[PDB]
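What follows is query.cif (mmCIF, N, CA and C atoms).
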data_my_file
#
loop_
_atom_site.label_atom_id
_atom_site.label_comp_id
_atom_site.auth_asym_id
_atom_site.auth_seq_id
_atom_site.Cartn_x
_atom_site.Cartn_y
_atom_site.Cartn_z
N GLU J 226 0.33 50.48 -13.03
CA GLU J 226 1.64 49.80 -12.91
C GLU J 226 2.42 49.67 -14.23
N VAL J 227 1.71 49.40 -15.32
CA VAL J 227 2.31 49.19 -16.63
C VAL J 227 2.34 50.44 -17.46
N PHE J 228 1.20 51.16 -17.53
CA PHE J 228 1.01 52.29 -18.43
C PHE J 228 1.19 53.67 -17.88
N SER J 229 0.87 53.95 -16.58
CA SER J 229 1.09 55.29 -16.03
C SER J 229 1.42 55.30 -14.54
N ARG J 230 2.70 55.07 -14.22
CA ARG J 230 3.23 55.11 -12.86
C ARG J 230 3.37 56.60 -12.52
N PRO J 231 2.91 57.09 -11.32
CA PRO J 231 2.97 58.54 -11.02
C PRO J 231 4.30 59.24 -11.29
N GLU J 232 5.44 58.53 -11.06
CA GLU J 232 6.80 59.02 -11.33
C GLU J 232 7.03 59.48 -12.82
N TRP J 233 6.16 59.03 -13.77
CA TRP J 233 6.25 59.39 -15.19
C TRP J 233 5.57 60.70 -15.53
N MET J 234 4.91 61.31 -14.52
CA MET J 234 4.30 62.63 -14.67
C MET J 234 5.43 63.65 -14.64
N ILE J 235 6.57 63.27 -14.00
CA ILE J 235 7.81 64.05 -13.92
C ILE J 235 8.73 63.58 -15.06
N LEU J 236 9.26 64.54 -15.81
CA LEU J 236 10.09 64.30 -16.99
C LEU J 236 11.59 64.39 -16.73
N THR J 237 12.32 63.37 -17.20
CA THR J 237 13.77 63.29 -17.10
C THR J 237 14.32 63.11 -18.49
N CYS J 238 13.61 62.33 -19.31
CA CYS J 238 14.03 62.09 -20.67
C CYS J 238 12.95 62.54 -21.61
N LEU J 239 13.25 63.63 -22.32
CA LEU J 239 12.30 64.29 -23.19
C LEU J 239 12.36 63.77 -24.63
N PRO J 240 11.22 63.25 -25.15
CA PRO J 240 11.20 62.85 -26.57
C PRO J 240 11.23 64.08 -27.49
N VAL J 241 11.98 63.91 -28.59
CA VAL J 241 12.16 64.94 -29.59
C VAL J 241 11.34 64.57 -30.82
N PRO J 242 10.21 65.27 -31.09
CA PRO J 242 9.40 64.94 -32.27
C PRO J 242 10.17 65.12 -33.58
N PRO J 243 10.03 64.15 -34.52
CA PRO J 243 10.78 64.23 -35.78
C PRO J 243 10.37 65.40 -36.66
N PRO J 244 11.14 65.74 -37.73
CA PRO J 244 10.75 66.86 -38.61
C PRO J 244 9.29 66.92 -39.11
N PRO J 245 8.55 65.82 -39.42
CA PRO J 245 7.17 65.99 -39.89
C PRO J 245 6.18 66.63 -38.92
N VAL J 246 6.56 66.73 -37.63
CA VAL J 246 5.74 67.37 -36.60
C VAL J 246 6.09 68.87 -36.63
N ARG J 247 7.36 69.19 -36.90
CA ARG J 247 7.89 70.56 -36.92
C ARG J 247 8.61 70.87 -38.27
N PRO J 248 7.83 70.84 -39.37
CA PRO J 248 8.42 71.04 -40.69
C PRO J 248 9.12 72.36 -40.93
N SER J 249 10.39 72.23 -41.35
CA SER J 249 11.32 73.27 -41.79
C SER J 249 10.83 73.68 -43.17
N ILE J 250 10.05 74.76 -43.26
CA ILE J 250 9.57 75.19 -44.57
C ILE J 250 10.76 75.87 -45.35
N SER J 251 11.70 75.02 -45.89
CA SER J 251 12.96 75.42 -46.55
C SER J 251 12.79 75.93 -48.00
N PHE J 252 12.56 77.27 -48.13
CA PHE J 252 12.44 78.04 -49.39
C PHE J 252 13.84 78.41 -49.90
N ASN J 253 14.06 78.36 -51.24
CA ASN J 253 15.35 78.62 -51.92
C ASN J 253 16.49 77.67 -51.46
N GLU J 254 17.77 78.04 -51.72
CA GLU J 254 18.94 77.28 -51.28
C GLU J 254 19.55 77.95 -50.04
N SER J 255 19.93 79.25 -50.15
CA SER J 255 20.53 80.06 -49.08
C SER J 255 19.57 80.39 -47.89
N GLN J 256 18.33 79.85 -47.90
CA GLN J 256 17.33 80.07 -46.84
C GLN J 256 16.62 78.79 -46.38
N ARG J 257 16.06 78.84 -45.15
CA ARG J 257 15.29 77.79 -44.46
C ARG J 257 14.10 78.50 -43.80
N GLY J 258 13.41 77.83 -42.89
CA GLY J 258 12.29 78.42 -42.17
C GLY J 258 11.82 77.43 -41.13
N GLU J 259 12.57 77.35 -40.01
CA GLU J 259 12.28 76.39 -38.95
C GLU J 259 10.97 76.68 -38.25
N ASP J 260 10.30 75.61 -37.80
CA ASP J 260 9.01 75.67 -37.12
C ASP J 260 9.17 76.18 -35.69
N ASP J 261 8.11 76.80 -35.13
CA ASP J 261 8.09 77.31 -33.76
C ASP J 261 8.65 76.26 -32.80
N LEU J 262 8.13 75.01 -32.90
CA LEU J 262 8.56 73.89 -32.08
C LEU J 262 10.05 73.61 -32.15
N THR J 263 10.68 73.78 -33.35
CA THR J 263 12.12 73.60 -33.56
C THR J 263 12.88 74.67 -32.75
N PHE J 264 12.34 75.91 -32.67
CA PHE J 264 12.98 76.95 -31.87
C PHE J 264 12.85 76.65 -30.38
N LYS J 265 11.62 76.40 -29.89
CA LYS J 265 11.34 76.05 -28.49
C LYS J 265 12.16 74.85 -28.01
N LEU J 266 12.41 73.87 -28.91
CA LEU J 266 13.23 72.70 -28.57
C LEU J 266 14.70 73.11 -28.42
N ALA J 267 15.18 74.03 -29.31
CA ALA J 267 16.54 74.55 -29.23
C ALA J 267 16.67 75.36 -27.95
N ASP J 268 15.59 76.04 -27.53
CA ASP J 268 15.55 76.80 -26.28
C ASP J 268 15.70 75.84 -25.12
N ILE J 269 14.93 74.70 -25.14
CA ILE J 269 15.01 73.66 -24.11
C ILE J 269 16.47 73.17 -24.04
N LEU J 270 17.00 72.77 -25.20
CA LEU J 270 18.36 72.29 -25.38
C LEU J 270 19.39 73.28 -24.79
N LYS J 271 19.35 74.56 -25.22
CA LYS J 271 20.22 75.65 -24.76
C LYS J 271 20.23 75.77 -23.21
N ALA J 272 19.01 75.86 -22.61
CA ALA J 272 18.75 75.96 -21.17
C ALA J 272 19.31 74.78 -20.39
N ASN J 273 19.22 73.57 -21.02
CA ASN J 273 19.67 72.29 -20.49
C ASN J 273 21.19 72.24 -20.40
N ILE J 274 21.88 72.62 -21.50
CA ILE J 274 23.34 72.62 -21.54
C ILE J 274 23.83 73.62 -20.52
N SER J 275 23.19 74.82 -20.46
CA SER J 275 23.48 75.87 -19.47
C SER J 275 23.52 75.25 -18.06
N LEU J 276 22.45 74.49 -17.71
CA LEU J 276 22.26 73.81 -16.43
C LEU J 276 23.29 72.73 -16.20
N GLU J 277 23.45 71.80 -17.15
CA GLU J 277 24.40 70.69 -17.06
C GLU J 277 25.87 71.20 -16.91
N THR J 278 26.27 72.26 -17.65
CA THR J 278 27.62 72.81 -17.53
C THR J 278 27.75 73.56 -16.21
N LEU J 279 26.68 74.25 -15.77
CA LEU J 279 26.64 74.99 -14.50
C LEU J 279 26.80 74.07 -13.28
N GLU J 280 26.02 72.97 -13.21
CA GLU J 280 26.06 72.03 -12.09
C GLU J 280 27.36 71.22 -12.07
N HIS J 281 27.84 70.76 -13.25
CA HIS J 281 29.08 69.99 -13.36
C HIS J 281 30.27 70.84 -12.87
N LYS R 1079 -49.64 86.91 -77.47
CA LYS R 1079 -50.91 87.07 -76.79
C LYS R 1079 -50.74 87.90 -75.55
N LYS R 1080 -51.73 88.77 -75.29
CA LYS R 1080 -51.79 89.63 -74.11
C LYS R 1080 -51.77 88.73 -72.87
N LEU R 1081 -50.92 89.08 -71.89
CA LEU R 1081 -50.95 88.39 -70.60
C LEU R 1081 -52.22 88.92 -69.90
N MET R 1082 -52.96 88.01 -69.26
CA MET R 1082 -54.18 88.28 -68.51
C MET R 1082 -53.91 89.33 -67.43
N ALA R 1083 -52.66 89.36 -66.96
CA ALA R 1083 -52.11 90.27 -65.97
C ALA R 1083 -51.56 91.55 -66.60
N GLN R 1084 -51.55 92.59 -65.78
CA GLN R 1084 -50.99 93.88 -66.13
C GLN R 1084 -49.76 94.00 -65.24
N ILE R 1085 -48.62 94.30 -65.85
CA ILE R 1085 -47.35 94.33 -65.15
C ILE R 1085 -46.95 95.73 -64.72
N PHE R 1086 -46.38 95.82 -63.50
CA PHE R 1086 -45.86 97.05 -62.93
C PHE R 1086 -44.48 97.26 -63.58
N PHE R 1087 -44.51 97.99 -64.69
CA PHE R 1087 -43.40 98.27 -65.58
C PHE R 1087 -43.01 99.73 -65.45
N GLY R 1088 -41.72 99.96 -65.25
CA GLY R 1088 -41.15 101.30 -65.13
C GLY R 1088 -39.68 101.29 -64.78
N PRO R 1089 -38.96 102.41 -65.00
CA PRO R 1089 -37.53 102.43 -64.65
C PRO R 1089 -37.27 102.34 -63.14
N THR R 1090 -36.16 101.71 -62.76
CA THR R 1090 -35.70 101.59 -61.37
C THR R 1090 -34.17 101.47 -61.38
N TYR R 1091 -33.51 102.27 -60.54
CA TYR R 1091 -32.06 102.31 -60.40
C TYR R 1091 -31.56 101.05 -59.72
N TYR R 1092 -30.82 100.22 -60.49
CA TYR R 1092 -30.19 98.97 -60.06
C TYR R 1092 -28.69 99.16 -60.08
N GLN R 1093 -28.01 98.56 -59.12
CA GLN R 1093 -26.56 98.66 -58.97
C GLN R 1093 -25.91 97.34 -59.32
N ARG R 1094 -24.70 97.37 -59.94
CA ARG R 1094 -24.00 96.12 -60.28
C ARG R 1094 -23.07 95.79 -59.12
N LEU R 1095 -23.34 94.70 -58.40
CA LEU R 1095 -22.52 94.36 -57.25
C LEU R 1095 -21.30 93.55 -57.62
N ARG R 1096 -20.26 93.71 -56.77
CA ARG R 1096 -18.91 93.20 -56.87
C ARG R 1096 -18.75 91.68 -56.85
N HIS R 1097 -19.83 90.90 -56.82
CA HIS R 1097 -19.62 89.45 -56.84
C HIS R 1097 -20.10 88.86 -58.12
N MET R 1098 -19.13 88.57 -58.99
CA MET R 1098 -19.37 87.98 -60.28
C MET R 1098 -19.19 86.48 -60.14
N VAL R 1099 -20.07 85.66 -60.77
CA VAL R 1099 -20.01 84.20 -60.62
C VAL R 1099 -18.68 83.61 -61.05
N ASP R 1100 -18.14 84.09 -62.17
CA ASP R 1100 -16.91 83.55 -62.68
C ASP R 1100 -15.68 83.85 -61.82
N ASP R 1101 -15.86 84.63 -60.75
CA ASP R 1101 -14.81 84.96 -59.79
C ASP R 1101 -15.01 84.10 -58.53
N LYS R 1102 -16.10 83.33 -58.50
CA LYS R 1102 -16.46 82.53 -57.34
C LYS R 1102 -16.34 81.02 -57.57
N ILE R 1103 -16.73 80.56 -58.80
CA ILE R 1103 -16.77 79.16 -59.30
C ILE R 1103 -15.48 78.48 -58.99
N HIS R 1104 -15.54 77.28 -58.42
CA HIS R 1104 -14.36 76.54 -57.98
C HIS R 1104 -14.59 75.03 -57.98
N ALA R 1105 -13.64 74.26 -58.50
CA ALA R 1105 -13.72 72.79 -58.49
C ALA R 1105 -12.34 72.20 -58.31
N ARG R 1106 -12.24 71.03 -57.70
CA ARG R 1106 -10.95 70.42 -57.42
C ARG R 1106 -11.11 68.95 -57.38
N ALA R 1107 -10.15 68.24 -57.90
CA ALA R 1107 -10.23 66.80 -57.86
C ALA R 1107 -8.81 66.42 -57.72
N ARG R 1108 -8.29 66.43 -56.47
CA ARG R 1108 -6.84 66.24 -56.17
C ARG R 1108 -6.07 67.51 -56.55
N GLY R 1109 -5.25 67.96 -55.63
CA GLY R 1109 -4.46 69.16 -55.84
C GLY R 1109 -3.51 69.36 -54.69
N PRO R 1110 -2.97 70.59 -54.57
CA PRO R 1110 -2.01 70.90 -53.51
C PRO R 1110 -2.48 70.54 -52.11
N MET R 1111 -1.52 70.07 -51.31
CA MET R 1111 -1.75 69.66 -49.93
C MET R 1111 -0.87 70.45 -49.01
N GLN R 1112 -1.34 70.69 -47.77
CA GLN R 1112 -0.57 71.38 -46.72
C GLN R 1112 0.63 70.48 -46.36
N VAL R 1113 1.74 71.11 -45.95
CA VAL R 1113 2.98 70.42 -45.59
C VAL R 1113 2.78 69.64 -44.31
N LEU R 1114 2.24 70.34 -43.29
CA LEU R 1114 2.09 69.76 -41.98
C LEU R 1114 1.03 68.72 -41.96
N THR R 1115 -0.22 69.09 -42.27
CA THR R 1115 -1.36 68.20 -42.18
C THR R 1115 -1.50 67.24 -43.35
N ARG R 1116 -0.83 67.50 -44.49
CA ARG R 1116 -0.94 66.65 -45.68
C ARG R 1116 -2.40 66.53 -46.20
N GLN R 1117 -3.20 67.55 -45.88
CA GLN R 1117 -4.60 67.71 -46.26
C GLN R 1117 -4.70 68.79 -47.33
N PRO R 1118 -5.80 68.85 -48.12
CA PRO R 1118 -5.94 69.93 -49.13
C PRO R 1118 -5.69 71.34 -48.63
N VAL R 1119 -5.19 72.20 -49.52
CA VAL R 1119 -4.92 73.60 -49.17
C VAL R 1119 -6.23 74.39 -49.15
N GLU R 1120 -6.24 75.66 -48.66
CA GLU R 1120 -7.45 76.50 -48.65
C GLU R 1120 -7.47 77.48 -49.82
N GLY R 1121 -8.65 77.78 -50.35
CA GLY R 1121 -8.82 78.85 -51.35
C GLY R 1121 -8.77 78.59 -52.84
N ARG R 1122 -9.71 79.26 -53.56
CA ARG R 1122 -9.89 79.20 -55.02
C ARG R 1122 -8.56 79.46 -55.77
N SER R 1123 -7.83 80.51 -55.29
CA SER R 1123 -6.54 81.03 -55.76
C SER R 1123 -5.45 79.97 -55.67
N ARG R 1124 -5.37 79.31 -54.48
CA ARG R 1124 -4.38 78.31 -54.10
C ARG R 1124 -4.72 76.90 -54.60
N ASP R 1125 -5.79 76.76 -55.41
CA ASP R 1125 -6.36 75.52 -55.96
C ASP R 1125 -6.87 74.61 -54.85
N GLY R 1126 -7.41 75.22 -53.81
CA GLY R 1126 -7.91 74.55 -52.61
C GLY R 1126 -9.04 73.57 -52.80
N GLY R 1127 -9.25 72.79 -51.76
CA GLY R 1127 -10.32 71.81 -51.66
C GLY R 1127 -11.32 72.36 -50.68
#
Translate the structure described by the file into structure tokens.
Amino acid sequence: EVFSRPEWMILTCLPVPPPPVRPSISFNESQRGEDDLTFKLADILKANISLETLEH
Amino acid sequence: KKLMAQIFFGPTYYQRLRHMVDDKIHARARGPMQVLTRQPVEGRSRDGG
């Protein structure tokens, strides 16, 4: 009832892990190096906007 | 003094192998840490733990 209601197995609001989980290994000034997770999250984000603009 | 024993003395072809101690010896007392895990890095070269 308090800690794991079955409805929470289904995701509606996705937590975004902060940079220390997905460190941007930023070498030089004119370059960066985003973590795999940072790309996959941008993929989630991209797919989501696609859906939200499509349904609206 | 003569050793009581007689030794099996003679030439034998020995090879010098590629692992020299001074290329292996490693010590660390605080040094570089990984970005993600914030734990010591790996390897003699990288000043690892």
Just to confirm, what's the straight-line distance from CA of residue 244 (chain J) to atom C of residue 232 (chain J) in Å (one decimal)?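 Atom C of residue 232 (chain J) lies at a distance of 27.1 Å from CA of residue 244 (chain J).
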Need the shell around residue 248 (chain J): protein/DNA/RNA residues with any atom at most 10 Å away, counting only C-alpha atoms. Skip same-chain ones fewer than 2 positions apart. Format as a PyMOL selection string? (chain J and resi 243-246+250-251+258-263) or (chain R and resi 1113-1114)
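Picked out by the PyMOL selection byres (((chain R and resi 1123 and name CA) around 12) and name CA) when it runs on this file: residues 1101, 1102, 1103, 1104, 1105, 1106, 1110, 1119, 1120, 1121, 1122, 1124, 1125, 1126 and 1127 of chain R.
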Nearest residue to chain R out of J:276, J:247, J:241, J:255, using only N, CA and C atoms? J:247
If you run DSSP on this backbone, which residues of chain J come out as helix (DSSP H, G or I), and could you give them as an MDAnalysis selection string? chainID J and resid 231:234 261:280
Output region 1111-1127 of chain R with N, CA, C and O atoms present, as a tab-separated table (two decimals), in the coordinates of the input.
chain	number	residue	atom	x	y	z
R	1111	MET	N	-1.52	70.07	-51.31
R	1111	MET	CA	-1.75	69.66	-49.93
R	1111	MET	C	-0.87	70.45	-49.01
R	1111	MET	O	0.22	70.85	-49.41
R	1112	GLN	N	-1.34	70.69	-47.77
R	1112	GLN	CA	-0.57	71.38	-46.72
R	1112	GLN	C	0.63	70.48	-46.36
R	1112	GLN	O	0.55	69.26	-46.49
R	1113	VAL	N	1.74	71.11	-45.95
R	1113	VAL	CA	2.98	70.42	-45.59
R	1113	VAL	C	2.78	69.64	-44.31
R	1113	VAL	O	3.17	68.45	-44.23
R	1114	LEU	N	2.24	70.34	-43.29
R	1114	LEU	CA	2.09	69.76	-41.98
R	1114	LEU	C	1.03	68.72	-41.96
R	1114	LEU	O	1.37	67.58	-41.68
R	1115	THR	N	-0.22	69.09	-42.27
R	1115	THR	CA	-1.36	68.20	-42.18
R	1115	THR	C	-1.50	67.24	-43.35
R	1115	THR	O	-2.26	66.27	-43.24
R	1116	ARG	N	-0.83	67.50	-44.49
R	1116	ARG	CA	-0.94	66.65	-45.68
R	1116	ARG	C	-2.40	66.53	-46.20
R	1116	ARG	O	-2.76	65.56	-46.89
R	1117	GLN	N	-3.20	67.55	-45.88
R	1117	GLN	CA	-4.60	67.71	-46.26
R	1117	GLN	C	-4.70	68.79	-47.33
R	1117	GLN	O	-3.82	69.65	-47.38
R	1118	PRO	N	-5.80	68.85	-48.12
R	1118	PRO	CA	-5.94	69.93	-49.13
R	1118	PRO	C	-5.69	71.34	-48.63
R	1118	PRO	O	-5.95	71.67	-47.48
R	1119	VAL	N	-5.19	72.20	-49.52
R	1119	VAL	CA	-4.92	73.60	-49.17
R	1119	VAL	C	-6.23	74.39	-49.15
R	1119	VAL	O	-7.24	73.85	-49.59
R	1120	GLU	N	-6.24	75.66	-48.66
R	1120	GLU	CA	-7.45	76.50	-48.65
R	1120	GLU	C	-7.47	77.48	-49.82
R	1120	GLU	O	-6.43	77.95	-50.21
R	1121	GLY	N	-8.65	77.78	-50.35
R	1121	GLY	CA	-8.82	78.85	-51.35
R	1121	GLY	C	-8.77	78.59	-52.84
R	1121	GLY	O	-7.87	77.93	-53.34
R	1122	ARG	N	-9.71	79.26	-53.56
R	1122	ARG	CA	-9.89	79.20	-55.02
R	1122	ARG	C	-8.56	79.46	-55.77
R	1122	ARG	O	-8.22	78.76	-56.74
R	1123	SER	N	-7.83	80.51	-55.29
R	1123	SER	CA	-6.54	81.03	-55.76
R	1123	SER	C	-5.45	79.97	-55.67
R	1123	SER	O	-4.73	79.74	-56.64
R	1124	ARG	N	-5.37	79.31	-54.48
R	1124	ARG	CA	-4.38	78.31	-54.10
R	1124	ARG	C	-4.72	76.90	-54.60
R	1124	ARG	O	-3.96	75.98	-54.33
R	1125	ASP	N	-5.79	76.76	-55.41
R	1125	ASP	CA	-6.36	75.52	-55.96
R	1125	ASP	C	-6.87	74.61	-54.85
R	1125	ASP	O	-6.78	73.39	-54.95
R	1126	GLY	N	-7.41	75.22	-53.81
R	1126	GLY	CA	-7.91	74.55	-52.61
R	1126	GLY	C	-9.04	73.57	-52.80
R	1126	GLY	O	-9.66	73.50	-53.86
R	1127	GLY	N	-9.25	72.79	-51.76
R	1127	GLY	CA	-10.32	71.81	-51.66
R	1127	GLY	C	-11.32	72.36	-50.68
R	1127	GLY	O	-10.96	73.10	-49.75
